[PDB]
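Have a look below at one chain only, the form deposited in one PDB entry, in structure tokens format.
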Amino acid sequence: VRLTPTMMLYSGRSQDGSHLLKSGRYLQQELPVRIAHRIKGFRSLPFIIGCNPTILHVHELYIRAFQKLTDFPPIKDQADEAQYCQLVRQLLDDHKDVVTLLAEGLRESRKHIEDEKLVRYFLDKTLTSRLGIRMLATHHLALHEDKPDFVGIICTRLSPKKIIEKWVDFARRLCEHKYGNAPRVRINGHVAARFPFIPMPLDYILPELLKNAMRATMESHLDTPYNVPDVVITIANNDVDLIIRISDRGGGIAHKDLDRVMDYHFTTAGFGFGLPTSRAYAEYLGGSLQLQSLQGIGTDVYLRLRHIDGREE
């Protein structure tokens, strides 16, 4: 039963299906509290901003969620838990565009309020807590299915190389679609490591970073699109954390942009959420995301995620 931070993912002791109820009760008496926290966040948001239409729309969904959830009777038996899963599925789907919506509604309205680092704390705080929720929720639902090397959304023997490769193809295509080509990606270091880990966070961060790296390479090699420098990913696996370094030769982050690439909405393009979102996720989970810019050569991005709750290897 691994946690992070005030949340916990249960290791299912199957049989009677008892865990299903233990987990469901937990989930059922967690989501609401947390949703409530988000409602306070909307309530304290600057008036000008909170007044924007889509910000209101999201604000409304959140209240609705709190209500539907609150109106759900306490889980007593399987049939309850089961219908709960139906509700959780629904909310999740209802809130699938929340991030886009926020990005949109907030883009204009933030250039109005007094405190600038204020919008950031809100986004940091809202997006992370959402990740936490969807994890907790997807995990519970997951405890119903039975995939191999998985207990909920917790993979028991995750391969960094494999998951890195999944998103490489994903991004390579996206890139190839836009430029007619994409950089090859070489992976080195602990390429055979396998350990318990939760792919979700990686499923959001890796593609964002690969996208950045690949776009950078192409926009900096407009004369030889058919031949661009490789992206090199290095996996470092130790007892404390998993470190994934993504090095490109795409010209780096200009000195003039360094202090901005981490701000929500900043972008030299694709609304500028990739980096600030990924950093929040990493830190939320107990890791970090750091940049090393070599202006004129390329960038090195270091993703660091902590291990389960043991010294994985």
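Note that residue numbering follows the sequence shown and begins at 1. In this text, rigid core is short for the largest set of C-alphas that superpose within 1.5 Å between two forms.
Keep in mind that the form deposited with a small molecule bound is missing from the display, and what follows is about it.
Taking a 4.5 Å heavy atom cutoff to the small molecule in the entry with it bound, the contact residue among 164, 232, 153, 243 is 153. Out of the listed residues 142, 193, 187, 99, 99 is the one that sits within 4.5 Å of the small molecule in the entry with it bound by at least one heavy atom. Only one of 91-99, 70-78, 156-164, 221-229 lies within 4.5 Å of the small molecule in the entry with it bound by heavy atoms, and it is 91-99.
Contact annotation: residue 31 falls within 4.5 Å of the small molecule in the entry with it bound, judged by heavy atom distances.
With a 4.5 Å cutoff on heavy atoms, residue 280 does not count as touching the small molecule in the entry with it bound; it lies far away. Among heavy atoms of residue 53, none comes within 4.5 Å of the small molecule in the entry with it bound. The small molecule in the entry with it bound comes within 4.5 Å of a heavy atom belonging to residue 135. Here the rigid core is superposed between this form and the one not shown, and of 205, 106, 213, 143 the C-alpha of 106 is the only one to shift by 2 Å or more. Positional change of residue 52 between this form and the one not shown reaches 2 Å or more at the C-alpha, relative to the superposed core. With the core held fixed, residue 192 shows a CA shift below 2 Å between this form and the one not shown.
Fitting the two forms on the rigid core leaves the C-alpha of residue 156 displaced by under 2 angstroms between this form and the one not shown. The pair residue 7 and residue 276 is at least 3 angstroms farther apart at the CA level in the entry with it bound than in the present model. Pairwise change in the entry with it bound: residue 155 and residue 7 C-alpha atoms lie closer than in the shown form, at least 3 Å.
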